[PDB]
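Encoded as structure tokens, the following chain is the form deposited in one PDB entry, with no partner shown.
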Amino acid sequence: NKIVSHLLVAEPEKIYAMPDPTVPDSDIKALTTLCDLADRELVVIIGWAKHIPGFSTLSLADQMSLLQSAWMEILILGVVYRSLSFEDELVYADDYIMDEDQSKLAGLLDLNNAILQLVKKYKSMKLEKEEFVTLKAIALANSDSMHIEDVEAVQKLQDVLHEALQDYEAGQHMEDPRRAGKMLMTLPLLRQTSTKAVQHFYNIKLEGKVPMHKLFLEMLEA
């Protein structure tokens, strides 16, 4: 499938978390580091989305609405995929892999465990990079924003991305005629974990103890 191959080459380069070596470890350092990483990823995600067929033709508003509703799912799918060959560890970046203890002192035990639940299921399904990038695009198009202007156009985008997944699976996984649907059935857990993550960091935002940059702040306040 061409769309899949296109998404593959449009995949952005890895990013480093770069936790400050002079700062003492604490929940504030972890959260600050993670949100800092996320801010930089959002910049790249925005650029990445321009490569998705038909995305740049939507109105700026609709493009923004889709992103404001899907940003967390995209960010989470990323750490999920990066962590597939690991055990009980989340690879936020090559230089930032969180084990159970780290999640604990960062107050992210329940959230990271949900992310690990996502990882568990994808490991069992043997999620391929081709499927990961297509799911990321589908997640963006199917984000369910409450403010979409051109419903049909967004539906059209969802349809083209779904067709790519179906096409890919029909030609690459003939042994399982229902693999495309299984992939789609993983989206609910992604959506569920993201809704909680957004609520969690929104609260962290209110507490005011963790500095956050412009873009991250913009998505979170959406």
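Quick note: we count residues from 1 along the sequence shown, nothing fancier. Just so we're on the same page, rigid core means the largest C-alpha set that superposes within 1.5 Å between forms. Shifts are known only where both forms have a C-alpha.
Same protein, other form: the form deposited in another entry, not shown, and the subject of what follows.
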{"item": "Core fit, then residue 206 C-alpha moves 2 Å or more between this form and the one not shown", "value": "no"}
{"item": "Post core alignment: residue 11 C-alpha displaced by 2 Å or more between this form and the one not shown", "value": "yes"}
{"item": "Relative Cα spacing, residue 12 and residue 57, in the other form - shift of 3 Å or more", "value": "farther"}
{"item": "Cα separation of residue 40 and residue 10 in the other form versus here, shift of 3 Å or more", "value": "closer"}
{"item": "Consecutive-residue runs (3+) with Cα displacement of 2 Å or more between this form and the one not shown, core aligned", "value": "9-13, 19-24"}
